[PDB]
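Just below is one structure, and these are the notes that go with it.
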Amino acid sequence: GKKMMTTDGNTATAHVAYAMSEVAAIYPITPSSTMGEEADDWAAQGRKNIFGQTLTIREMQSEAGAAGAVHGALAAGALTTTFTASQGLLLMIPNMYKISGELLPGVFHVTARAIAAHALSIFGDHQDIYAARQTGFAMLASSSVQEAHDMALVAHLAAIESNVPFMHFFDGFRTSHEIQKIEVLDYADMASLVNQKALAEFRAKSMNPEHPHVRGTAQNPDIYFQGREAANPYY
Amino acid sequence: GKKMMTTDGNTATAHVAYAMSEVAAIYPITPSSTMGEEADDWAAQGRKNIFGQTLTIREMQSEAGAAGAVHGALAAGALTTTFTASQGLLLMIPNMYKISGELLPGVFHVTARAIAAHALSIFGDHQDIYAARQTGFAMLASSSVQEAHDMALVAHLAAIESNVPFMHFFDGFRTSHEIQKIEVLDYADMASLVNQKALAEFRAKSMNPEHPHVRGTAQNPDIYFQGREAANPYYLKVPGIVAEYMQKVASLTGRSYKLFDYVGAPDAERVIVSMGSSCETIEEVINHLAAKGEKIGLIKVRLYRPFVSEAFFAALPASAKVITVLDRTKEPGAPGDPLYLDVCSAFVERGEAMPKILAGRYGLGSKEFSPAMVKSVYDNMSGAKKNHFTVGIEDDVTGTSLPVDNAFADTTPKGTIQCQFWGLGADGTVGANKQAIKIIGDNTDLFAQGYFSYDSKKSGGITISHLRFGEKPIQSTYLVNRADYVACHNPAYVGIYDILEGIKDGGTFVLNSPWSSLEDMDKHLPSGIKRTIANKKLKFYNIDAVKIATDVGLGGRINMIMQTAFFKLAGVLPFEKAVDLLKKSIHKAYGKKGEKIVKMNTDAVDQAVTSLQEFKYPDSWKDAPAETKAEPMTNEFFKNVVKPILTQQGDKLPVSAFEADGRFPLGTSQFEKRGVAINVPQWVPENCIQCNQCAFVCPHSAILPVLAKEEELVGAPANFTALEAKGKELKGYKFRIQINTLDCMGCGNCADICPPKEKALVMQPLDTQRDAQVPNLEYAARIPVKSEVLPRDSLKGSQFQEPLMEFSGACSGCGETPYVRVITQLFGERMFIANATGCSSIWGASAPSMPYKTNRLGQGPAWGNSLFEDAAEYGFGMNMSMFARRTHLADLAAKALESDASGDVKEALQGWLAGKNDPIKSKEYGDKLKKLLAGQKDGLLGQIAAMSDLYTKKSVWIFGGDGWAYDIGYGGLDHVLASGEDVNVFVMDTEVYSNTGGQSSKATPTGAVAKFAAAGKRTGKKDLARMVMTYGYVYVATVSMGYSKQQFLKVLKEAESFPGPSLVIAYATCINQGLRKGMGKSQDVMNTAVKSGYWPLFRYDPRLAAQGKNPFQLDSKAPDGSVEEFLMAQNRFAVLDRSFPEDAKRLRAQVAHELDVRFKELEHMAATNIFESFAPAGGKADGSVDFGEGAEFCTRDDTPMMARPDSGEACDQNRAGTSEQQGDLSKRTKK
Amino acid sequence: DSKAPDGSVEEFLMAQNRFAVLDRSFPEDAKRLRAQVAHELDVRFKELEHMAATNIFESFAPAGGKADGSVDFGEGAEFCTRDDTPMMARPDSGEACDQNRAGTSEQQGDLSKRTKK
Amino acid sequence: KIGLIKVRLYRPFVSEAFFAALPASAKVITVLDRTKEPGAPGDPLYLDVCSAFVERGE
Amino acid sequence: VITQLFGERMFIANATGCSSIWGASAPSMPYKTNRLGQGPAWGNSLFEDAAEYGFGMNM
Amino acid sequence: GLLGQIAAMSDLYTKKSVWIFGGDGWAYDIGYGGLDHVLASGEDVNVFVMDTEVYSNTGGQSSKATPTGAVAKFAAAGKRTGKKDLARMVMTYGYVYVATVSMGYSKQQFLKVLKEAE
Ligand SMILES: Cc1ncc(C[n+]2csc(CCOP(=O)(O)OP(=O)(O)O)c2C)c(N)n1
Ligand SMILES: Cc1ncc(C[n+]2csc(CCOP(=O)(O)OP(=O)(O)O)c2C)c(N)n1
Ligand code: SF4
Ligand code: SF4
Ligand code: SF4
Ligand SMILES: [Ca+2]
Ligand SMILES: [Mg+2]
Ligand SMILES: [Mg+2]
């Protein structure tokens, strides 16, 4: 069940991310890099997620590349996350509308960092999460190392059940690199909270040539507005 | 000074952009493409900007590329713009923060277009501009063609003075493609308004090594917040500067604007706040309602950012009691849309009275926002006062929609002629209308507006034009719904579309058809049309336009006869004046020329006017009676959703009719059966050699090879002629090539390819073929497809497989579709397709038509379109999923080999495990597992049973055109191939950006004419193939169907099976290429492209390298010496020869030199003994080690970037010198 | 500009910890991949030598002058060069053309000839 | 007499839940934003909060 | 040494990375002008765009 | 006049030298599409890539420039794909000057390349 632990915001959230995800399409960017590096180390160490499997992490050529990959893994029925921040989050924006437009249970864990304008800053603020405000993602904030663990858990579980992609965020450095004595749950406790019927429905509506569908159609004025409004129920 | 002009929003703004800019870093995206192409054309024509120089326009690899270039041009002191929209604007966002943070006077001109979420739309809305809201750009909206001209001017001028970058936007299509008679300023007048001080200041603060500075520094917590806030002055000053130029331009034009503008009743109680073209229509409805007593008004927002509340309140009537804020966007989950949120802000900031603010959303993706919809917004303010509503749709899932009464009266100014024209694609209707507006606008003092609707179909598509003419300015930014004039130019529309909806009582309806006698017209006109005509007392006119066209020798071209009908009957102009104006225009214009063709045109005009007399229908049409159904069975979904959409009634579909994630079912095209071919092939059984090459080659899957044993031909129609099957394996069968006359597009590739000199296929008119072959095609469909009889990957054998991509909207003779149909014939039931945006995705899935279909077992291609820039990675993701999921199935399987599960189960489980990545063995055992595990719901076995859709090995394909592979998606493709993973990419190379209009690609060859390469491409074609062959572990091949169908199937078979990344590039013929004898020669041109050495064929198989064999295999022969003829037979090369002969000769000589050296290098590659080896894959082993483990010196630095949980231990940071230096120092110091 | 491999890769790699850690942690995999890198640079240098001794070259011409004039790809084409979609619609789009629905030039001329009436 | 409303779910913004956390006694309330949107009438959280109060109509 | 050969005439479009972090992480600016006040005009746009940032300066 | 305008342009008189600096992560990965398009352009720019064979600043993450068997983040058991050949890929253009340098081996080859590239 519970396990006491002194760690920082990044690892407290990577703890959950790993257990709740199957695939992860990654790109490094300060200050969320620790999350992806840990998930990769834990996969080499053969750590297992809630399905008893090591996570499939692959590094991309950019965060647009990774977001492109995250939308694909989700479309094909695998729980998927990614760890990013600021300039990286910006490159995931076109895909974020697609990931939410297609009602996919993705989860982004972002260490909210500043955007380069007059100067670049690897430091903490909400300029970036606010930039993805309009993408249709649910946004769940954390104000501490211990809440990073908890909101990371709620984000994953609710995205699976609701089908609305989530973006769990916490402050760059101020929370991601702050170490605290917290308490984390065990992977099994997390596994028990999962809505299996929602998870079975996710798999079933996914892309498979044995029961195909076409996604990403081009739409005219006659039907685009209606199609855009059809997701209201989920939100 | 002033110049009157009839143009669209794009050109009105490109006019100004060109003048005000020095540089332009560009990328094409619908609907802003026209602005960049025009600037490029004007730069070639020697047009000069206000500095006396032609603009420097360069096309980039993407809009992130262009924006990065725009930032650099500005930082280096040059006025710069760019033209973009939606997905494009999104890629510019990171640089927009940089551009504005660095206080650069950039100006972006965007045609506000929708964002791709559930589906992509090239249509108009504010989802994109609102997405760049936080970037620091100033935002200045336009609501009309005329305003686009003026706001473009204000934007440039203010950006220079204030140093805050600007983004001038106007609605996609609604304004950018609406044509209007406007007035534009001269470049000198613009030049006079420029603040020279600000300009010199701009030049001096710019990047220069002669007075350098550092920009783009990295900042810590100590100073970042202050530095971000230091630009506040400029943002405080920008609205005053905008207002300043709004006045300066107004003293030259006479058209005044404010940051926010009120219109309507001074003591209005119900006010609407809006932005964009919706304002024009809203003002037009106000004028009608207020004149009737209604206390209403509107606030037009010009400067959206900065939002200046003082300016907003300066426009708000004190009398306003209810006010609704309209947003042309949708931000899911937000407490309210952008403008609404801003307005709410101003009211609380005020701290006084709260008027009751309602939120409303409209026009997503060009949804109509009509007077009836505007009236409804106002009624809501006096009635139900429903909040967070939508207008223009029927929301029946979440009830957010406002009721709309379409019987609301016409609100267009008094004395406005409204006309509708229904044409066939490529019949000249649009061009004739555009010319009709030019003539009237230039020879009268009437206001003119023109707006056109097009089809998603590329060939045989419908067109519906909407024009308005009047003495009062036209603010009607909505389609014509109450017509004075309706023209149906294709007689076939009479029975399928609602041609007469809303035509005014007593309006005129002219129809092009040969149904001249009453008996004919009665027989061909639906009763619905007869009643309407009779009850609305319409002046109906019939004219056989094809006969007159032929009789005068114009050979059926009706453009000029229908144009004549309009000038004579539309009533916009006097008969005499119109025809005089008309004939002078015929004289002046014209395609080929000669005084003779001119004469045929003057003949058609006069032959038409004499035949243009009313068709005096009987009174009995009032009570004409309904027809009994004689239509085929269909889908519940085709019947319910797709058909209504196809007959143009899509807006009547409520929201419940669509899937929330936006998915569509495969195979909807199976019932379209448009029958738009003029000529379809006819099989001639006596000459057939039973080769199936006709079927293989069809761009639409319109030829059906039939192979049946006699007992299957029992209920076969008398004329279902079938030859005895030729073949060792095919003895008892009967063979018949069955033409699908209704799905055929009339291209000719098949007949052209048919081997016998005495052709087995001959083109014939569709009428001579349909009665016989429609029923035959119906019967032939019942015949089981003999997929087992011959090898799936043999020519003849592949055409005895079910094609899983049929009847798409691709153009007749398309060079792309034949390739994708046969790939499906080899792998269709196991494939995932990650399609890049482009032609591929437009004929692949533009709703409601879905060409991809499932086989008799319900299996087919899982198709998806993510974005233009990510196809490769979208597919790599699907593959990561199968890896993870199938790996999970394998662990389960390896575990269940320990349960009380039957021996049958375990043997099939070991089987599946043994050949899991083998498509044959994974299936052979996967199907056993499907049977043995049926009904199992509990335990390792129950979980395994729920994973049957993962048993057979899938085949991940990534499809894309050349622009995707060579430009925009290139970095991602390169990274995915570099991954070593099993994915297959199929690049259809048209050597140009096809779908968006022929823009230059890096795949475009030297000398080819295209947009952005308008005097011939001056850089050679990028060698993508050779670039990726440098990897050693990637299968690479080039194919060309017309040259070798068997090399193509060999490539497909060797690429799909390669346990790694495959890259197959195929030569795709396209209409943009200009094949001079038709697209029916595509197969022949693909042949010649190889034979001339233009497109050599080769294969690079890394697995041979692993056996000591040379992986590079050349499949085609040396240049035969026909490139010159090959090039000259295509207009993309031949136009230069006519226009710039001296240059053409050189570039064509260069292309020949190029392919000569290239074939030589290819031959050099094939003869080498030196080759990169290859090892299949690598197993997922446990264990990992950090790079800094056990190092002698520090392996990481003191910065926050390298800080990790376990960082911080003491180490030697290289400040004491080398190990040896230290050891020596130490020994020299003993003490 | 450089000479053929002097056979010291093994030493050059083992002198760096990015390579040496693997040898300590995963000895057989390290020996494998170090043998791979040596093989790769060998094949590569040979490929570079092949380039150097070649007689087949891609030519080059410096630049190109900013000349006046341009022509549209669809100018004077026999068949439709643009489709019926909103994407391809331009200010001067709209004139009548052969959209390839009646077959090849030859097919039509033949059909016409076979149909005199 | 001071307090704080901590936002966990930023999107969807649920006004009902925001007011569920607001003391009826609140008389001045300041909204803190960790961002800067140049020229916008106000930052994101501020705009959302102002929205909930006008929507309320109280 | 590159600046020792072309420094006075150069524009630098630098991509994000170590290059941009030792090149200009405030308040330290290693790039300097010569006795004649000439020197490299230095700028960092983004990580993904250096080539095109530099292409623009040249445009 | 014309002359006063020309005098205001003195910072433009001498030919400038546009350089593009970047590490391997930039050239081989993230900025690769753009680099490839800029060299394809045929314009006069010079790009200097400092190849550390890894993403240095962010903490040693693997790059496509990372050789086979090198230990880095995301290649923690040795990078299992060879080093991408950026040099040879761009040499396919024919109209792009491509060179490689290593100071420790030859300072004069390095000065030669710079002088020849610029
Ligand atoms: C980021 C972005 N910018 C541009 C576009 C518009 N666009 C998409 S497809 C395309 C060109 C298609 O070219 P190609 O890959 O050759 O495909 P084709 O149509 O020729 O087969 C363009 C410019 C877009 N959808 N997204
Ligand atoms: C779009 C984006 N994502 C990622 C980053 C974070 N990032 C900046 S530089 C860098 C790696 C630096 O690598 P390289 O180009 O090899 O330079 P080096 O430090 O090795 O000299 C990364 C991952 C960023 N700034 N922006
Ligand atoms: S004419 Fe073209 S579309 Fe018709 S069957 Fe032949 S190849 Fe197919
Ligand atoms: S191409 Fe001609 S000869 Fe061959 S199967 Fe078809 S109709 Fe028969
Ligand atoms: S690739 Fe060319 S011929 Fe094919 S659908 Fe596109 S525009 Fe038409
Ligand atoms: Ca493969
Ligand atoms: Mg193309
Ligand atoms: Mg590096």
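A note on labels: chains of the structure tokens are A, B, ... as shown, every chain counts residues from 1, and ligands are counted from 1 in their shown order.
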Exercise. Can you tell me, as a list in words, what residues are no more than 10 Å from residue 90 of chain F when counting only C-alpha atoms, ignoring any on the same chain fewer than 3 positions away?
Worked result: residues 1022, 1023 and 1027 of chain B; 35, 36, 39, 40, 85, 86, 87, 93, 94, 95, 96, 97 and 98 of chain F
Problem set entry | Test item: residues lying within 10 Å of ligand 4 with only C-alpha atoms and all ligand atoms, as a PyMOL selection string | chain B and resi 681-697+703-705+735-739+749-762+796+799
Problem set entry | At most 6 Å to chain C: residues in chain B, only C-alpha atoms, as a ChimeraX atom specification | /B:30,44-45,425-428,430-431,454-456,458,461,677-679,745-748,812,996-997,1009-1010,1014-1015,1071-1072,1074,1076-1078,1080,1131-1132,1187,1191
Save out the residues we just selected, N, CA, C and O atoms, as a compact mmCIF listing (two decimals), in the first residue's frame.
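Dumped everything to again17.txt:
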```txt
# COMPACT_ATOMS: atom_id res chain seq x y z
N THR B 30 -3.84 26.36 -47.43
CA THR B 30 -5.17 26.87 -47.80
C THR B 30 -5.79 27.56 -46.56
O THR B 30 -5.76 26.99 -45.49
N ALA B 44 8.25 38.74 -60.11
CA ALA B 44 8.78 38.32 -61.39
C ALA B 44 8.40 39.40 -62.46
O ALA B 44 9.20 39.67 -63.40
N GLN B 45 7.21 40.01 -62.31
CA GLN B 45 6.74 41.10 -63.21
C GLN B 45 7.53 42.42 -62.97
O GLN B 45 7.32 43.42 -63.67
N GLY B 425 -17.69 20.75 -62.87
CA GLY B 425 -16.29 21.11 -62.77
C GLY B 425 -15.68 21.17 -64.15
O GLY B 425 -15.96 20.34 -65.04
N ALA B 426 -14.95 22.25 -64.39
CA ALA B 426 -14.24 22.44 -65.65
C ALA B 426 -15.08 22.80 -66.90
O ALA B 426 -14.61 22.70 -68.05
N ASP B 427 -16.30 23.28 -66.64
CA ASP B 427 -17.19 23.72 -67.72
C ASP B 427 -17.13 25.24 -67.97
O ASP B 427 -17.76 25.74 -68.89
N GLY B 428 -16.37 25.96 -67.16
CA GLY B 428 -16.20 27.39 -67.34
C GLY B 428 -17.09 28.36 -66.59
O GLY B 428 -16.89 29.56 -66.61
N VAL B 430 -17.41 29.22 -63.33
CA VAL B 430 -16.73 30.09 -62.37
C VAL B 430 -15.96 31.21 -63.07
O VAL B 430 -16.04 32.37 -62.67
N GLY B 431 -15.17 30.84 -64.08
CA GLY B 431 -14.39 31.80 -64.85
C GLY B 431 -15.31 32.78 -65.55
O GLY B 431 -15.05 33.99 -65.61
N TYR B 454 -17.26 24.93 -54.03
CA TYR B 454 -16.67 23.88 -54.84
C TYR B 454 -16.99 22.51 -54.28
O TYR B 454 -17.62 22.41 -53.23
N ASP B 455 -16.56 21.46 -54.99
CA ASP B 455 -16.78 20.08 -54.58
C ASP B 455 -15.49 19.52 -53.97
O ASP B 455 -14.41 20.05 -54.20
N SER B 456 -15.63 18.48 -53.14
CA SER B 456 -14.47 17.79 -52.54
C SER B 456 -13.92 16.83 -53.60
O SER B 456 -12.74 16.46 -53.55
N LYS B 458 -12.53 15.78 -57.16
CA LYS B 458 -11.59 16.49 -58.00
C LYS B 458 -11.99 16.48 -59.45
O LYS B 458 -11.67 17.42 -60.16
N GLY B 461 -16.78 17.38 -60.37
CA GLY B 461 -17.38 18.04 -59.22
C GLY B 461 -18.35 19.16 -59.52
O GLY B 461 -18.31 19.80 -60.59
N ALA B 677 -18.04 9.88 -66.05
CA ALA B 677 -17.16 9.70 -67.19
C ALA B 677 -17.95 10.03 -68.47
O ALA B 677 -19.16 9.81 -68.51
N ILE B 678 -17.29 10.67 -69.45
CA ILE B 678 -17.90 10.94 -70.76
C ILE B 678 -17.78 9.61 -71.54
O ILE B 678 -18.74 9.13 -72.17
N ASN B 679 -16.57 9.02 -71.50
CA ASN B 679 -16.27 7.77 -72.18
C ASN B 679 -15.72 6.71 -71.26
O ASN B 679 -14.79 6.97 -70.47
N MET B 745 -13.88 6.82 -64.37
CA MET B 745 -13.70 8.26 -64.49
C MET B 745 -13.32 8.70 -65.88
O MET B 745 -12.90 9.84 -66.07
N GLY B 746 -13.34 7.78 -66.83
CA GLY B 746 -13.06 8.13 -68.21
C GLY B 746 -11.66 8.56 -68.56
O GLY B 746 -11.49 9.27 -69.53
N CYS B 747 -10.64 8.06 -67.84
CA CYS B 747 -9.25 8.45 -68.09
C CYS B 747 -8.57 7.88 -69.32
O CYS B 747 -7.90 8.60 -70.07
N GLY B 748 -8.71 6.58 -69.51
CA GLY B 748 -8.14 5.90 -70.67
C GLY B 748 -6.88 5.06 -70.47
O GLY B 748 -6.44 4.37 -71.39
N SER B 812 -9.40 12.08 -62.52
CA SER B 812 -9.36 11.01 -63.50
C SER B 812 -7.93 10.77 -63.98
O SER B 812 -7.27 11.69 -64.46
N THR B 996 -2.50 21.43 -52.80
CA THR B 996 -2.62 22.85 -52.52
C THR B 996 -2.45 23.73 -53.73
O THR B 996 -2.57 24.93 -53.60
N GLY B 997 -2.22 23.16 -54.91
CA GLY B 997 -2.07 23.97 -56.10
C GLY B 997 -0.76 24.07 -56.88
O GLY B 997 -0.50 25.08 -57.53
N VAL B 1009 8.44 24.07 -64.02
CA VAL B 1009 7.70 25.29 -63.70
C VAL B 1009 6.60 24.97 -62.70
O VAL B 1009 5.77 24.06 -62.91
N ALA B 1010 6.55 25.78 -61.64
CA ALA B 1010 5.58 25.56 -60.57
C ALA B 1010 5.54 26.82 -59.75
O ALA B 1010 6.31 27.72 -60.01
N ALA B 1014 8.60 29.60 -60.73
CA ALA B 1014 7.93 30.07 -61.95
C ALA B 1014 8.72 30.37 -63.25
O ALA B 1014 8.11 30.81 -64.24
N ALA B 1015 10.05 30.26 -63.21
CA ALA B 1015 10.89 30.43 -64.42
C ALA B 1015 11.74 29.18 -64.51
O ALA B 1015 12.82 29.19 -65.11
N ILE B 1071 -2.12 15.90 -62.61
CA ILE B 1071 -2.68 16.90 -63.50
C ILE B 1071 -1.85 18.18 -63.52
O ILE B 1071 -1.82 18.85 -64.54
N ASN B 1072 -1.14 18.51 -62.43
CA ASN B 1072 -0.29 19.72 -62.35
C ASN B 1072 0.89 19.63 -63.32
O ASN B 1072 1.54 20.64 -63.62
N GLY B 1074 0.81 18.55 -66.44
CA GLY B 1074 0.43 18.92 -67.79
C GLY B 1074 0.68 17.90 -68.87
O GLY B 1074 1.11 18.30 -69.93
N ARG B 1076 0.40 16.40 -71.96
CA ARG B 1076 -0.21 16.95 -73.15
C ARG B 1076 -1.22 16.13 -73.95
O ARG B 1076 -2.05 16.72 -74.67
N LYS B 1077 -1.18 14.80 -73.81
CA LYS B 1077 -2.14 13.94 -74.51
C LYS B 1077 -3.17 13.30 -73.54
O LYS B 1077 -4.00 12.48 -73.92
N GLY B 1078 -3.11 13.74 -72.31
CA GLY B 1078 -4.03 13.26 -71.31
C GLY B 1078 -3.40 12.43 -70.21
O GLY B 1078 -2.27 11.93 -70.34
N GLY B 1080 -4.61 9.79 -69.49
CA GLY B 1080 -4.81 8.43 -69.97
C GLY B 1080 -3.50 7.82 -70.44
O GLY B 1080 -3.41 6.62 -70.73
N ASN B 1131 3.48 19.81 -69.90
CA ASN B 1131 3.43 21.26 -69.90
C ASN B 1131 4.32 21.91 -68.84
O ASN B 1131 4.80 23.01 -69.08
N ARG B 1132 4.59 21.25 -67.72
CA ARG B 1132 5.43 21.86 -66.69
C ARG B 1132 6.81 22.17 -67.24
O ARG B 1132 7.53 22.96 -66.66
N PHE B 1187 26.37 7.15 -18.11
CA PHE B 1187 27.62 7.50 -18.74
C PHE B 1187 28.67 8.01 -17.81
O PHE B 1187 29.84 7.92 -18.11
N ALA B 1191 33.78 7.38 -13.95
CA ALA B 1191 34.67 8.28 -14.68
C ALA B 1191 35.71 8.94 -13.75
O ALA B 1191 35.47 9.07 -12.56
```
Exercise. How would you write, as a list in words, the set of residues no farther than 6 Å from ligand 1 when counting only C-alpha atoms and all ligand atoms?
Worked result: residues 28, 29, 87, 88, 837, 838, 839, 840, 868, 869, 960, 961, 962, 963, 964, 990, 992, 993, 994, 995 and 996 of chain B
For this session: Write down as a PyMOL selection string the residues belonging to chain E that are assigned alpha helix (DSSP H) by DSSP computed on the backbone.
Result: chain E and resi 2-6+18-24+50-58
For this session: Identify, counting only C-alpha atoms and all ligand atoms, the protein, DNA and RNA residues located within 7 Å of ligand 6, and give them as a ChimeraX atom specification.
Result: /B:982-984,1055-1062
Problem set entry | Neighbour list for residue 12 of chain E as a PyMOL selection string, cut-off 12 Å, only C-alpha atoms, skip fewer than 4 positions in-chain | (chain B and resi 72+75-76+207-209+212-216) or (chain E and resi 2-3+6-8+19-20+23-24+31+39-45+50-58) or (chain F and resi 16-22+45-48)
For this session: Please identify every polymer residue within 6 Å of ligand 8, using only C-alpha atoms and all ligand atoms, and present the set as JSON, numbers by chain.
Result: {"F": [23, 24, 25, 51, 52, 53, 54, 55, 56]}
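One finds atom CA of residue 965 of chain B at 18.4 Å from atom CA of residue 67 of chain A.
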At a cut-off of 9 Å, can you tabulate as a tab-separated table every residue of chain A near chain D together with its closest atom pair and the distance in Å to one decimal, using only C-alpha atoms and ordering rows by chain then number?
```
residue	atom	partner	partner_atom	distance
A:114	CA	D:35	CA	8.3
A:124	CA	D:34	CA	8.7
A:125	CA	D:34	CA	5.3
A:126	CA	D:34	CA	5.1
A:127	CA	D:35	CA	4.8
A:128	CA	D:35	CA	8.5
A:130	CA	D:44	CA	7.2
A:133	CA	D:11	CA	7.7
A:136	CA	D:11	CA	8.3
A:137	CA	D:11	CA	7.2
A:138	CA	D:11	CA	4.9
A:139	CA	D:11	CA	4.9
A:140	CA	D:9	CA	4.7
A:141	CA	D:8	CA	5.0
A:142	CA	D:8	CA	6.9
A:143	CA	D:8	CA	8.7
A:151	CA	D:8	CA	8.5
A:235	CA	D:12	CA	7.3
```
Problem set entry | Who sits within 6 Å of residue 135 of chain A, only C-alpha atoms, same chain under 3 positions skipped, as a VMD selection string | chain A and resid 96 to 97 132
Got time to write the residues from that selection, C-alpha atoms, as a short mmCIF file (atom, residue, chain, number, x, y, z; two decimals), in the first residue's frame?
```
data_model
loop_
_atom_site.label_atom_id
_atom_site.label_comp_id
_atom_site.auth_asym_id
_atom_site.auth_seq_id
_atom_site.Cartn_x
_atom_site.Cartn_y
_atom_site.Cartn_z
CA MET A 96 -2.82 18.16 -28.67
CA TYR A 97 -5.94 19.32 -30.61
CA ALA A 132 -2.05 24.85 -24.50
#
```
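The smallest atom-to-atom distance between chain F and any of E:35, E:48, E:27, E:21, using only C-alpha atoms, is found for E:48.
Shell of residue 80 of chain A at 10 Å, with only C-alpha atoms counted and residues fewer than 6 places along the chain excluded, is residues 17, 18, 20, 21, 22, 23, 24, 25, 55, 56, 57, 69, 70, 71, 72, 73, 74, 104, 105, 106, 107, 108 and 156 of chain A; 877, 880 and 881 of chain B.
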